[PDB]
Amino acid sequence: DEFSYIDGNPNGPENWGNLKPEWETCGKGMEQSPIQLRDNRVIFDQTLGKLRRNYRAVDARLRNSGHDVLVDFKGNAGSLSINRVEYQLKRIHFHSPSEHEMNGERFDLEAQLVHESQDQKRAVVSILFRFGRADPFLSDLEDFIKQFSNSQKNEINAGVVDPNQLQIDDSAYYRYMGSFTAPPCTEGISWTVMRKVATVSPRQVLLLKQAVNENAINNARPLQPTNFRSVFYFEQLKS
């Protein structure tokens, strides 16, 4: 509710950990996200496999927390499987600019798919976007997003929303253990960042930026220290 993205503000990212006891891990944890992703420091693990997703088009609500817009699925939007553990797709958050970097490059938008197992284990799958051709997923969502832009509504029924419109190429990704990228910054989160970069139009990102509070126009947390944690990579060969 009460944190900013402005570097050097009292509530900005470097102080999140000191704003309230519930947020302490933001400041004290050593497996925080996002991180730099560096090809020259990854561990190859072909045993990871192409990403295995079983997603369903379900009814959803657009929500505007004031610092991001997220899609919040009502029904069972399906699931992501990792080592036969099954994580249900719950929410998709939007950050502009990206929070993760790949080889020192920051991207124009990042979408973060939040999944949860019955055991309450969390897995996030991120998509990184450059400006280009419109994103098919956000296309169906644009008129709902435009509403946030002066009106006091911060929940809108977006109708049935289809997660299979998302530009996700399952053949290559990074894999590491990290944290939520907004308070409470809880750790134990499995992150998967897709190697293939998507496109989004400037208009779509404009719409998202129009929707949040002023202090969150850019809503990317700064990169956090890797701290020697491992970063796995998988990529499918022709073979």
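Numbers for residues come from their place in the sequence shown, where the first is 1.
> Looking at the deposited entry, does 27-35 or 46-54 carry the larger mean Cα B-factor?
Higher of the two, by average CA B-factor, is 46-54.
> Averaging only over Cα atoms, indicate whether 80-88 or 120-128 has the higher B-factor in the PDB entry.
The recorded data point to 80-88.
> Reading the B-factor column of the entry, which of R63, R41, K196, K209 has the highest value at its C-alpha atom?
Each of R63, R41, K196, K209 was compared by C-alpha B-factor; the highest is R63.
> According to the Cα B-factor stored in this entry, which of the following is highest: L109, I145, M102, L113?
Highest C-alpha B-factor among the listed residues goes to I145.
> Place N219 in the lowest, middle or highest third of its chain's C-alpha B-factors, as listed in the PDB entry.
Lowest third of the chain for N219's C-alpha B-factor.
> Sorting the chain's modelled residues by C-alpha B-factor, tell me whether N150 ends up in the lowest, middle or highest third.
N150: CA B-factor falls in the highest third of its chain.
> Just say lowest, middle or highest third for the CA B-factor of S230 relative to the other modelled residues in its chain.
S230: CA B-factor falls in the lowest third of its chain.
> Lowest, middle or highest third: where is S96 by Cα B-factor in its chain?
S96: CA B-factor falls in the lowest third of its chain.
> Grab the CA temperature factor for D59 from the record and place it in the lowest, middle or highest third of its chain.
Tercile = highest for this residue's CA B-factor.
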